[PDB]
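Novice: Sharing work29.pdb here; it has PDB, C-alpha atoms and all ligand atoms.
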ATOM      1  CA  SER A   7     109.237 -72.244  12.514  1.00  0.00           C
ATOM      2  CA  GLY A   8     106.048 -72.267  14.598  1.00  0.00           C
ATOM      3  CA  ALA A   9     104.689 -72.762  18.105  1.00  0.00           C
ATOM      4  CA  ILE A  10     101.576 -73.880  20.070  1.00  0.00           C
ATOM      5  CA  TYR A  11     100.103 -71.384  22.536  1.00  0.00           C
ATOM      6  CA  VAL A  12      97.942 -72.874  25.309  1.00  0.00           C
ATOM      7  CA  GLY A  13      97.179 -71.127  28.623  1.00  0.00           C
ATOM      8  CA  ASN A  14     100.384 -69.472  29.896  1.00  0.00           C
ATOM      9  CA  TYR A  15     102.585 -71.865  27.851  1.00  0.00           C
ATOM     10  CA  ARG A  16     104.460 -71.709  24.487  1.00  0.00           C
ATOM     11  CA  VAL A  17     105.502 -75.111  22.977  1.00  0.00           C
ATOM     12  CA  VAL A  18     108.303 -74.967  20.398  1.00  0.00           C
ATOM     13  CA  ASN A  19     110.861 -77.308  18.760  1.00  0.00           C
ATOM     14  CA  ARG A  20     113.709 -77.442  21.335  1.00  0.00           C
ATOM     15  CA  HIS A  21     116.323 -76.889  18.507  1.00  0.00           C
ATOM     16  CA  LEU A  22     114.607 -73.570  17.589  1.00  0.00           C
ATOM     17  CA  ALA A  23     114.061 -72.227  21.168  1.00  0.00           C
ATOM     18  CA  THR A  24     115.143 -68.572  21.650  1.00  0.00           C
ATOM     19  CA  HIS A  25     117.096 -66.908  24.561  1.00  0.00           C
ATOM     20  CA  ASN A  26     113.663 -65.729  25.928  1.00  0.00           C
ATOM     21  CA  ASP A  27     112.349 -69.348  25.797  1.00  0.00           C
ATOM     22  CA  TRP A  28     115.353 -70.579  27.857  1.00  0.00           C
ATOM     23  CA  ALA A  29     115.084 -67.552  30.286  1.00  0.00           C
ATOM     24  CA  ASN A  30     111.396 -68.562  31.019  1.00  0.00           C
ATOM     25  CA  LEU A  31     111.908 -72.378  30.783  1.00  0.00           C
ATOM     26  CA  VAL A  32     109.104 -74.602  32.188  1.00  0.00           C
ATOM     27  CA  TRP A  33     110.168 -78.000  30.764  1.00  0.00           C
ATOM     28  CA  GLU A  34     112.471 -79.352  28.001  1.00  0.00           C
ATOM     29  CA  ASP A  35     113.288 -82.826  26.649  1.00  0.00           C
ATOM     30  CA  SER A  36     116.126 -83.260  24.135  1.00  0.00           C
ATOM     31  CA  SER A  37     114.946 -86.853  23.427  1.00  0.00           C
ATOM     32  CA  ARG A  38     111.585 -85.398  22.163  1.00  0.00           C
ATOM     33  CA  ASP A  39     112.910 -82.170  20.503  1.00  0.00           C
ATOM     34  CA  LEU A  40     110.462 -80.219  22.745  1.00  0.00           C
ATOM     35  CA  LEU A  41     110.741 -77.104  24.892  1.00  0.00           C
ATOM     36  CA  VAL A  42     107.922 -75.307  26.785  1.00  0.00           C
ATOM     37  CA  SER A  43     108.342 -71.715  28.038  1.00  0.00           C
ATOM     38  CA  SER A  44     105.964 -69.460  30.003  1.00  0.00           C
ATOM     39  CA  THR A  45     104.079 -66.460  28.535  1.00  0.00           C
ATOM     40  CA  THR A  46     102.452 -63.331  29.995  1.00  0.00           C
ATOM     41  CA  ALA A  47      99.548 -63.400  27.466  1.00  0.00           C
ATOM     42  CA  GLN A  48      96.992 -66.232  27.558  1.00  0.00           C
ATOM     43  CA  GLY A  49      96.933 -68.640  24.563  1.00  0.00           C
ATOM     44  CA  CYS A  50      93.793 -70.361  23.248  1.00  0.00           C
ATOM     45  CA  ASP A  51      94.997 -73.285  21.102  1.00  0.00           C
ATOM     46  CA  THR A  52      93.111 -76.539  21.961  1.00  0.00           C
ATOM     47  CA  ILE A  53      95.201 -79.682  22.700  1.00  0.00           C
ATOM     48  CA  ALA A  54      93.780 -82.999  21.441  1.00  0.00           C
ATOM     49  CA  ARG A  55      93.336 -85.752  24.082  1.00  0.00           C
ATOM     50  CA  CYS A  56      92.843 -88.844  21.805  1.00  0.00           C
ATOM     51  CA  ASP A  57      94.543 -91.660  19.831  1.00  0.00           C
ATOM     52  CA  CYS A  58      93.700 -90.326  16.275  1.00  0.00           C
ATOM     53  CA  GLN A  59      96.014 -91.563  13.541  1.00  0.00           C
ATOM     54  CA  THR A  60      94.595 -89.122  10.840  1.00  0.00           C
ATOM     55  CA  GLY A  61      94.974 -85.357  10.699  1.00  0.00           C
ATOM     56  CA  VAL A  62      96.075 -82.310   8.673  1.00  0.00           C
ATOM     57  CA  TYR A  63      99.521 -80.617   8.889  1.00  0.00           C
ATOM     58  CA  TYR A  64     100.766 -77.193   7.766  1.00  0.00           C
ATOM     59  CA  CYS A  65     103.757 -77.302   5.334  1.00  0.00           C
ATOM     60  CA  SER A  66     105.385 -73.837   5.104  1.00  0.00           C
ATOM     61  CA  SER A  67     107.721 -74.918   2.186  1.00  0.00           C
ATOM     62  CA  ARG A  68     104.540 -75.337   0.052  1.00  0.00           C
ATOM     63  CA  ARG A  69     102.184 -72.747   1.785  1.00  0.00           C
ATOM     64  CA  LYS A  70      99.729 -75.701   1.986  1.00  0.00           C
ATOM     65  CA  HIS A  71      97.933 -77.971   4.455  1.00  0.00           C
ATOM     66  CA  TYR A  72      98.065 -81.760   3.713  1.00  0.00           C
ATOM     67  CA  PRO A  73      95.851 -84.591   5.108  1.00  0.00           C
ATOM     68  CA  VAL A  74      97.926 -87.551   6.461  1.00  0.00           C
ATOM     69  CA  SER A  75      97.712 -90.934   8.180  1.00  0.00           C
ATOM     70  CA  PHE A  76     100.387 -91.116  10.913  1.00  0.00           C
ATOM     71  CA  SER A  77     101.879 -93.777  13.202  1.00  0.00           C
ATOM     72  CA  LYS A  78     101.304 -93.784  17.033  1.00  0.00           C
ATOM     73  CA  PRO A  79     104.067 -91.978  19.083  1.00  0.00           C
ATOM     74  CA  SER A  80     107.196 -94.122  19.277  1.00  0.00           C
ATOM     75  CA  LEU A  81     111.060 -94.281  19.483  1.00  0.00           C
ATOM     76  CA  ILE A  82     112.425 -93.645  15.983  1.00  0.00           C
ATOM     77  CA  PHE A  83     116.052 -93.425  14.767  1.00  0.00           C
ATOM     78  CA  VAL A  84     116.858 -89.863  13.524  1.00  0.00           C
ATOM     79  CA  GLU A  85     120.044 -89.085  11.507  1.00  0.00           C
ATOM     80  CA  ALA A  86     122.580 -86.536  12.817  1.00  0.00           C
ATOM     81  CA  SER A  87     122.078 -82.820  12.137  1.00  0.00           C
ATOM     82  CA  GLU A  88     123.819 -79.598  13.364  1.00  0.00           C
ATOM     83  CA  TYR A  89     121.477 -79.668  16.458  1.00  0.00           C
ATOM     84  CA  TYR A  90     121.841 -83.329  17.601  1.00  0.00           C
ATOM     85  CA  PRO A  91     124.102 -86.374  17.032  1.00  0.00           C
ATOM     86  CA  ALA A  92     122.382 -89.488  15.526  1.00  0.00           C
ATOM     87  CA  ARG A  93     119.921 -90.808  18.146  1.00  0.00           C
ATOM     88  CA  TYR A  94     116.478 -92.221  18.873  1.00  0.00           C
ATOM     89  CA  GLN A  95     113.855 -89.495  19.236  1.00  0.00           C
ATOM     90  CA  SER A  96     110.917 -90.541  21.479  1.00  0.00           C
ATOM     91  CA  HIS A  97     107.155 -89.718  21.139  1.00  0.00           C
ATOM     92  CA  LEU A  98     107.618 -89.269  17.334  1.00  0.00           C
ATOM     93  CA  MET A  99     104.851 -89.952  14.750  1.00  0.00           C
ATOM     94  CA  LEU A 100     105.660 -90.584  11.037  1.00  0.00           C
ATOM     95  CA  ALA A 101     103.593 -89.941   7.889  1.00  0.00           C
ATOM     96  CA  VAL A 102     104.246 -90.095   4.136  1.00  0.00           C
ATOM     97  CA  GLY A 103     104.546 -86.413   3.192  1.00  0.00           C
ATOM     98  CA  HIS A 104     106.719 -83.484   2.246  1.00  0.00           C
ATOM     99  CA  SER A 105     108.944 -81.472   4.613  1.00  0.00           C
ATOM    100  CA  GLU A 106     112.105 -79.347   4.552  1.00  0.00           C
ATOM    101  CA  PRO A 107     114.121 -78.176   7.680  1.00  0.00           C
ATOM    102  CA  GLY A 108     112.312 -74.806   7.872  1.00  0.00           C
ATOM    103  CA  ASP A 109     108.984 -76.685   8.115  1.00  0.00           C
ATOM    104  CA  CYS A 110     109.730 -77.597  11.782  1.00  0.00           C
ATOM    105  CA  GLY A 111     107.034 -76.081  13.997  1.00  0.00           C
ATOM    106  CA  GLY A 112     104.098 -76.510  11.584  1.00  0.00           C
ATOM    107  CA  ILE A 113     101.047 -77.844  13.484  1.00  0.00           C
ATOM    108  CA  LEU A 114      99.391 -81.255  12.988  1.00  0.00           C
ATOM    109  CA  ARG A 115      95.716 -81.174  13.981  1.00  0.00           C
ATOM    110  CA  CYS A 116      92.906 -83.768  14.128  1.00  0.00           C
ATOM    111  CA  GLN A 117      89.142 -83.162  14.777  1.00  0.00           C
ATOM    112  CA  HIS A 118      89.924 -82.957  18.552  1.00  0.00           C
ATOM    113  CA  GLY A 119      92.623 -80.248  18.338  1.00  0.00           C
ATOM    114  CA  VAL A 120      96.421 -79.864  18.143  1.00  0.00           C
ATOM    115  CA  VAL A 121      98.273 -83.231  17.985  1.00  0.00           C
ATOM    116  CA  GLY A 122     101.900 -82.099  17.618  1.00  0.00           C
ATOM    117  CA  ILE A 123     104.394 -80.097  15.548  1.00  0.00           C
ATOM    118  CA  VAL A 124     106.713 -81.039  12.624  1.00  0.00           C
ATOM    119  CA  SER A 125     110.075 -82.085  14.081  1.00  0.00           C
ATOM    120  CA  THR A 126     111.863 -84.393  11.559  1.00  0.00           C
ATOM    121  CA  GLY A 127     111.876 -85.329   7.852  1.00  0.00           C
ATOM    122  CA  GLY A 128     113.664 -86.852   4.887  1.00  0.00           C
ATOM    123  CA  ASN A 129     113.043 -89.433   2.125  1.00  0.00           C
ATOM    124  CA  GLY A 130     109.403 -88.306   1.775  1.00  0.00           C
ATOM    125  CA  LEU A 131     108.563 -89.112   5.430  1.00  0.00           C
ATOM    126  CA  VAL A 132     107.643 -86.329   7.879  1.00  0.00           C
ATOM    127  CA  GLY A 133     107.842 -86.762  11.665  1.00  0.00           C
ATOM    128  CA  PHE A 134     105.735 -84.918  14.275  1.00  0.00           C
ATOM    129  CA  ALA A 135     106.552 -84.497  17.939  1.00  0.00           C
ATOM    130  CA  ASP A 136     103.432 -85.519  19.924  1.00  0.00           C
ATOM    131  CA  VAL A 137     102.082 -83.183  22.647  1.00  0.00           C
ATOM    132  CA  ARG A 138      98.765 -85.090  23.473  1.00  0.00           C
ATOM    133  CA  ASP A 139     100.314 -86.847  26.515  1.00  0.00           C
ATOM    134  CA  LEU A 140     101.340 -83.493  28.197  1.00  0.00           C
ATOM    135  CA  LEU A 141      98.160 -83.207  30.249  1.00  0.00           C
ATOM    136  CA  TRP A 142      99.658 -80.369  32.378  1.00  0.00           C
ATOM    137  CA  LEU A 143      99.526 -77.948  29.378  1.00  0.00           C
ATOM    138  CA  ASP A 144      95.829 -77.286  30.396  1.00  0.00           C
ATOM    139  CA  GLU A 145      96.445 -76.411  34.099  1.00  0.00           C
TER     140      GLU A 145
HETATM  141  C1  LIG A 201     112.233 -81.455   8.784  1.00  0.00           C
HETATM  142  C2  LIG A 201     113.155 -81.936   7.701  1.00  0.00           C
HETATM  143  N1  LIG A 201     112.566 -82.337   6.564  1.00  0.00           N
HETATM  144  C3  LIG A 201     113.344 -82.786   5.567  1.00  0.00           C
HETATM  145  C4  LIG A 201     114.717 -82.846   5.643  1.00  0.00           C
HETATM  146  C5  LIG A 201     115.330 -82.427   6.808  1.00  0.00           C
HETATM  147  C6  LIG A 201     114.563 -81.966   7.875  1.00  0.00           C
HETATM  148  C7  LIG A 201     115.226 -81.510   9.160  1.00  0.00           C
HETATM  149  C8  LIG A 201     115.321 -82.608  10.209  1.00  0.00           C
HETATM  150  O1  LIG A 201     114.736 -83.675  10.083  1.00  0.00           O
HETATM  151  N2  LIG A 201     116.057 -82.327  11.305  1.00  0.00           N
HETATM  152  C9  LIG A 201     116.878 -81.120  11.487  1.00  0.00           C
HETATM  153  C10 LIG A 201     116.409 -80.322  12.702  1.00  0.00           C
HETATM  154  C11 LIG A 201     116.319 -81.207  13.949  1.00  0.00           C
HETATM  155  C12 LIG A 201     115.475 -82.464  13.692  1.00  0.00           C
HETATM  156  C13 LIG A 201     115.394 -83.349  14.926  1.00  0.00           C
HETATM  157  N3  LIG A 201     114.247 -83.332  15.584  1.00  0.00           N
HETATM  158  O2  LIG A 201     116.350 -84.040  15.279  1.00  0.00           O
HETATM  159  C14 LIG A 201     116.026 -83.212  12.474  1.00  0.00           C
HETATM  160 ZN    ZN A 202      91.968 -86.724  17.671  1.00  0.00          ZN
END
Re-express the file's structure as structure tokens.
Specialist:
Amino acid sequence: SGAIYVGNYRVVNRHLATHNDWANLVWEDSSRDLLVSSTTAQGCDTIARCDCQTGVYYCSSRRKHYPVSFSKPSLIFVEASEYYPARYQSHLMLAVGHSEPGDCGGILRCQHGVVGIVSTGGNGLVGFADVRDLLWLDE
């Protein structure tokens, strides 16, 4: 689990969104596994605006942060789960690293700020849903 809080927005994995997230929906994209809901309180996470391919991610199944090299956001084939049939997920970044299903929502950060959140995994490869292109998160 996990979320990004920026301005009056909450960014979460779409497959983990709550009834409150859907009742205050701002934007959602099944192809990216992203959902953004509105908040009353103001968040102060910083979103990275860059093309960094190195960063650090939080892995809750190990209570540890790991440094990783990751690919640029792209369309990647993702196996079926209880939340989606087999499909291509867009804006996804892969790295060699550990993850388990409950790790979804852990933040990936570079020197510029928040890059994305864990969204997929398996076979020792972890995938992060990018948020750097969502320029509206700051206004
Ligand atoms: C994160 C993880 N790590 C290892 C094994 C398995 C997983 C879980 C995983 O990949 N999923 C399940 C939930 C929805 C995901 C999606 N965006 O389609 C795919
Ligand atoms: Zn960066």
Novice: Would you list the residues that come within 9 Å of ligand LIG 201 (chain A)? Count all atoms listed in the file and give the answer as number ranges by chain.
Specialist: A: 19-22, 36-40, 84-95, 104-110, 124-135
Novice: Between A:62, A:82, A:56, A:137, which has the minimum distance to ligand ZN 202 (chain A) (counting all atoms listed in the file)?
Specialist: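 When distances to ligand ZN 202 (chain A) are compared using all atoms listed in the file, the smallest one comes from A:56.
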Novice: Assuming the chain letters and numbering stay as they are in my file, what does the PyMOL selection byres (((not hetatm)) within 8 of (chain A and resi 202)) actually select? List them as a ChimeraX atom specification.
Specialist: /A:54-61,115-119,121
Novice: What would the file look like if the residues just selected were written as a PDB file, in the frame of the given file with C-alpha atoms?
Specialist:
ATOM      1  CA  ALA A  54      93.780 -82.999  21.441  1.00  0.00           C
ATOM      2  CA  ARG A  55      93.336 -85.752  24.082  1.00  0.00           C
ATOM      3  CA  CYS A  56      92.843 -88.844  21.805  1.00  0.00           C
ATOM      4  CA  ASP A  57      94.543 -91.660  19.831  1.00  0.00           C
ATOM      5  CA  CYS A  58      93.700 -90.326  16.275  1.00  0.00           C
ATOM      6  CA  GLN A  59      96.014 -91.563  13.541  1.00  0.00           C
ATOM      7  CA  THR A  60      94.595 -89.122  10.840  1.00  0.00           C
ATOM      8  CA  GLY A  61      94.974 -85.357  10.699  1.00  0.00           C
ATOM      9  CA  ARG A 115      95.716 -81.174  13.981  1.00  0.00           C
ATOM     10  CA  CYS A 116      92.906 -83.768  14.128  1.00  0.00           C
ATOM     11  CA  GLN A 117      89.142 -83.162  14.777  1.00  0.00           C
ATOM     12  CA  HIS A 118      89.924 -82.957  18.552  1.00  0.00           C
ATOM     13  CA  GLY A 119      92.623 -80.248  18.338  1.00  0.00           C
ATOM     14  CA  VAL A 121      98.273 -83.231  17.985  1.00  0.00           C
TER      15      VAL A 121
END
Novice: One decimal, in Å: what's the spacing between atom CA of residue A:14 and atom CA of residue A:141?
Specialist: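 Spanning atom CA of residue A:14 to atom CA of residue A:141 is a straight-line distance of 13.9 Å.
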Novice: Return the single residue from A:13, A:49, A:73, A:111 that is closest to residue A:145, with distances computed using all atoms listed in the file.
Specialist: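 Among A:13, A:49, A:73, A:111, it is A:13 that comes nearest to residue A:145.
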Novice: Just the number, please: distance in Å from atom CA of residue A:64 to atom CA of residue A:112, one decimal.
Specialist: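 Atom CA of residue A:112 lies 5.1 Å from atom CA of residue A:64.
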Novice: Using all atoms listed in the file, find the one residue out of A:16, A:139, A:103, A:123 that sits nearest to residue A:50.
Specialist: A:16
Novice: Looking at all atoms listed in the file, which of A:9, A:47, A:143, A:81 is the one that sits closest to residue A:99?
Specialist: A:81
Novice: Any idea what's packed within 9 Å of stretch 26-29 of chain A, counting all atoms listed in the file, ignoring anything in its chain fewer than 6 positions away? Could you give it as a VMD selection string?
Specialist: chain A and resid 16 18 41 to 44
Novice: What would the file look like if the residues just selected were written as an mmCIF file, keeping the file's coordinate frame with C-alpha atoms?
Specialist:
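File produced: again_4.cif:
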data_model
loop_
_atom_site.group_PDB
_atom_site.id
_atom_site.type_symbol
_atom_site.label_atom_id
_atom_site.label_comp_id
_atom_site.auth_asym_id
_atom_site.auth_seq_id
_atom_site.Cartn_x
_atom_site.Cartn_y
_atom_site.Cartn_z
ATOM 1 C CA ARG A 16 104.460 -71.709 24.487
ATOM 2 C CA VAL A 18 108.303 -74.967 20.398
ATOM 3 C CA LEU A 41 110.741 -77.104 24.892
ATOM 4 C CA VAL A 42 107.922 -75.307 26.785
ATOM 5 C CA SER A 43 108.342 -71.715 28.038
ATOM 6 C CA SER A 44 105.964 -69.460 30.003
#
Novice: Give me, please, the distance in Å between atom CA of residue A:96 and atom CA of residue A:140, quoted to one decimal.
Specialist: 13.7 Å
Novice: Using only C-alpha atoms for the distances, tell me which of A:142, A:75, A:48, A:97 is nearest to residue A:63.
Specialist: A:75
